[PDB]
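Next up: a single chain in structure tokens, the form deposited without the ligand.
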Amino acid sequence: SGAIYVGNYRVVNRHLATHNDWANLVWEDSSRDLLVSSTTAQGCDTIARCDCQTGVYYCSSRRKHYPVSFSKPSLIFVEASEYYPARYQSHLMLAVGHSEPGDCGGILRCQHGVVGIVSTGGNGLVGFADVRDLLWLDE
């Protein structure tokens, strides 16, 4: 579990969105596993607007932060699950690192701010759903 709170927006994994998220829906994309809902309180997170390929992510299954090198956002095949059929997920970045089911929602950050959230993982890999191209999160 985990979310990005920026301005009047809350960014979460689409497969983990609540009834409230859907009732206050701004935008959602199954192909990216992202959902953005509206909030009344103001959000304190800063979003990075960069092309960094290094950063630090929070891993709840280890209660620790880990430094990672990660790939550029791309279309990567993701196995079937209770949430989705087998498909290509877009804007996804992979890194060599630990992750387990339950780690989705962990934030990835570089020196510029929030880069994305854990969305996939397994086999010593961890996948992050990028949010740097969503320029409208700030305005």
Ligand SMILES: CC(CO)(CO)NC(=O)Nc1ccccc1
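The numbering used is simple: start at 1 and walk along the sequence shown. What we label the rigid core is the largest C-alpha set whose atoms superpose within 1.5 Å from one form to the other.
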Exercise. So which moves more in 9 other deposited structures of this protein by CA, 73-81 or 87-95, given a superposition on the core?
Worked result: 73-81
Exercise. Hey, which bit's got the bigger mean C-alpha B factor in the entry, 41-49 or 86-94?
Worked result: 41-49
Seminar exercise, completed: Taking the deposited Cα B-factors and averaging over 51-59 and over 72-80, the higher mean is found in 72-80
For this session: Sort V131, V118, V12, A23 by C-alpha B-factor from the entry and give me just the highest.
Result: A23
For this session: Determine, from the deposited record, the chain-internal third of the Cα B-factor for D33: lowest, middle or highest.
Result: lowest
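One more form of this protein exists, namely the form solved in complex with the ligand; it is left out here, but the text below deals with it.
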For this session: Please run the contact check for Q111 against the ligand in the bound PDB entry: heavy atoms, 4.5 angstroms, yes or no?
Result: yes
Problem set entry | 4.5 Å heavy atom contact, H65 and the ligand in the bound PDB entry | yes
For this session: Could you confirm whether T54 comes within 4.5 Å of the ligand in the bound PDB entry, counting heavy atoms only?
Result: yes
